[PDB]
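Given as structure tokens, the chain that follows is alone and in the form solved without this ligand.
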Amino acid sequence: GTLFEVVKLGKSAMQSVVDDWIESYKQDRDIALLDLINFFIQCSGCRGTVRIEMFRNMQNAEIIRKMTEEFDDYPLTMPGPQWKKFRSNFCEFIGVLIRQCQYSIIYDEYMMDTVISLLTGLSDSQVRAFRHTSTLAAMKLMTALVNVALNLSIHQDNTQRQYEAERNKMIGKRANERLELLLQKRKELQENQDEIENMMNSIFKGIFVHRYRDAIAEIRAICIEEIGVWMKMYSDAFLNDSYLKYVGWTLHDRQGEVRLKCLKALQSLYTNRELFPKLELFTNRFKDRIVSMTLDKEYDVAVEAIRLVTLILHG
């Protein structure tokens, strides 16, 4: 509308184009997912694009096979001013997309399963471009879903409090309307969180557990940085000795870049004098490695290790 109306509503190109995409999904899911599929393809630097006859009538693996061939250095490795903000933007895009899809489209059983199936397939690819792009996307995707779970978690607690104050209000009395609605709200929200947890598991078992050991250091670096983000954000699901073994196993990684990340992640855990109890077995297991890394070889790795150890000392 008015210039004042658009300035007082900082909808950016991204949010604008996510809002357009959401509207295009409501008309025709197929073409919208087609456009979203082609987006991930184009972000890898792949020169081909999928048509609706392929999307409808080929099995993912086949689509990936055909896009593999059409591959002339990709947008994420590009240097120069016209790609400085690409990574940053690509990551924000995934966050905006899912933030916006989080209350309806995400729980449709078509949109997330389509994306995660693509990202999983692109993460198994011989092409570096594909492995790098999909994995980074999947790591930002997991974090987006974690933020969805945290939002349910709040709503689950308001619906929990509201049911308690209505179960108690009644007692001895026939279960009225507010009490059947709330007892329904509560199941719906938990069935939402199942579905989130599910997608998280598909992303973790399918993409993470394979990529965190990847040939390329940047891909190992992306996986570690993010498991560290999940473990801080959502302690109860991700902060456990099974998931932590991935971070420990990686402390022994060959690359400064990567060792640096494991320590940065563990740092942010140990600062919280609270999940400190839940790091007790992990610390006993890798004190020898954490501590050994204070004289690492790479100065800036060693610095971090020393900082980590001082943090472990203080608790």
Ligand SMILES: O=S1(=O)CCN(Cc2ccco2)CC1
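The numbering used is simple: start at 1 and walk along the sequence shown. Basically, rigid core = biggest C-alpha set you can superpose within 1.5 Å across the two forms.
In at least one third of the other compared structures of this protein with flanking residues present, residue 172 is left unmodelled. The gap between residue 72 and residue 73 holds 4 to 9 unmodelled residues of the deposited sequence. 175-183 and 222-230 differ in mean CA B-factor, and the higher of the two is recorded for 175-183.
The PDB entry records a higher mean C-alpha B factor for 158-166 than for its counterpart among 158-166 and 106-114. Of the candidates 203, 150, 78, 137, the PDB record gives 78 the highest C-alpha temperature factor. Per the PDB record, residue ranking by Cα B-factor puts residue 29 in the middle third of the chain. Placement of the Cα temperature factor of residue 9 within the chain: highest third of the modelled residues, per the deposited record. Sort the modelled residues of the chain by CA B factor and residue 39 lands in the lowest third. Sort the modelled residues of the chain by CA B factor and residue 88 lands in the middle third. Residue-level temperature factors show residue 143 in the lowest third of its chain, judged at the C-alpha atom.
Keep in mind the form deposited with this ligand bound is missing from the figure; the text below concerns it.
Transferring this ligand from its position in the deposited bound form by superimposing the surrounding C-alpha atoms leaves no ligand atom within 2.4 angstroms of any backbone or C-beta atom of the displayed chain; the site is open. Screening 73-81, 180-188, 232-240, 208-216 for residues having heavy atoms within 4.5 Å of this ligand in the deposited bound form returns a single hit, 232-240. In the deposited bound form, this ligand lies farther than 4.5 Å from every heavy atom of residue 165.
In the deposited bound form, at least one heavy atom of residue 153 sits within 4.5 Å of a heavy atom of this ligand. Among heavy atoms of residue 149, some come within 4.5 Å of this ligand in the deposited bound form. For the chain shown alone, residue 202 is not a contact residue for this ligand in the deposited bound form, no non-hydrogen atom being within 4.5 angstroms. Only one of the listed residues (89, 193, 160, 100) places a non-hydrogen atom within 4.5 angstroms of this ligand in the deposited bound form, and that residue is 193.
Shift analysis on the rigid core between the shown form and the other one singles out 164 from 164, 197, 191, 109 (C-alpha displacement of 2 Å or more).
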